[PDB]
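Single chain ahead, written as structure tokens, the form deposited in one PDB entry.
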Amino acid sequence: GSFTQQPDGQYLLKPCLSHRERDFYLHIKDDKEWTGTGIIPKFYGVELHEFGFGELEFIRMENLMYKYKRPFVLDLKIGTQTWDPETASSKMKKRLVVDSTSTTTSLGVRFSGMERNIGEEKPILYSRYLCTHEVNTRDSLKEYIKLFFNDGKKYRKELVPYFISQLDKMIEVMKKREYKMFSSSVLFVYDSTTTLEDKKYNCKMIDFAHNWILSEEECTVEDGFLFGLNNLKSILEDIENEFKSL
């Protein structure tokens, strides 16, 4: 909500509305395990740009859908809760209900919006709010992720291994227990006009406004992040299995 949410320019220049996202990117900046692994957007740096009477800090990162012709986008919110120690009390009844009535508390992952461009664009939009009704079980989440891989003509089964490979790299780094992340997402994207060789597909962790750096501060509550990644990987592996019957 801090910028118009739509992706054929090179960058995203995201405003720093608090310290957390910028501190996270700065903290992982020299760690090849975060920056050489391709699991978060390429981070260009924190920059000041004129704003108001002075300057506002922004994060400059890559636009993951740069030059995508027919973008497919799926945002999956990770964790067994989406509130954190700083969440405003006026938001908490809703946060608790949405967490318990989606797949968040059970799986540590939930559907959080999709866009499919099947030739008749403007594209088909799938509301993030579907998580508490249409996409409120493991089975239905699996179905909606399959729909992500449906380009309007066929299931892009050949892309699924990439996505699992990305989740593995995420799992490997998130076993280290150095950060807790709340309301962060794994963003799946591809251009349906892509071939495997074009590499116009991507799977990245995003949205670090509620990240806690455990070597610098206390965060007692659990995020269930690794649990969610493992469940999501399990769903993708089931999908690989299911796509062989095609």
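Only the largest set of C-alpha atoms that superpose within 1.5 Å between the two forms is called the rigid core. When you see a residue number, it is the position in the sequence shown, counting from 1.
Here the subject shifts to the form deposited in another entry, a form of this protein not shown in this document.
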Quiz item: With the two forms superposed on the core, which of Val221, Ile206, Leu214, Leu56 shows a CA shift of 2 angstroms or more between the shown form and the other one?
Solution: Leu56
Exercise. Would you say whether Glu33 is displaced between the shown form and the other one, judging by a C-alpha shift of 2 Å or more on the superposed rigid core?
Key: no
Quiz prompt | Is_shifted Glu47 between the shown form and the other one (CA, 2 Å cut-off, rigid core) | solution = yes
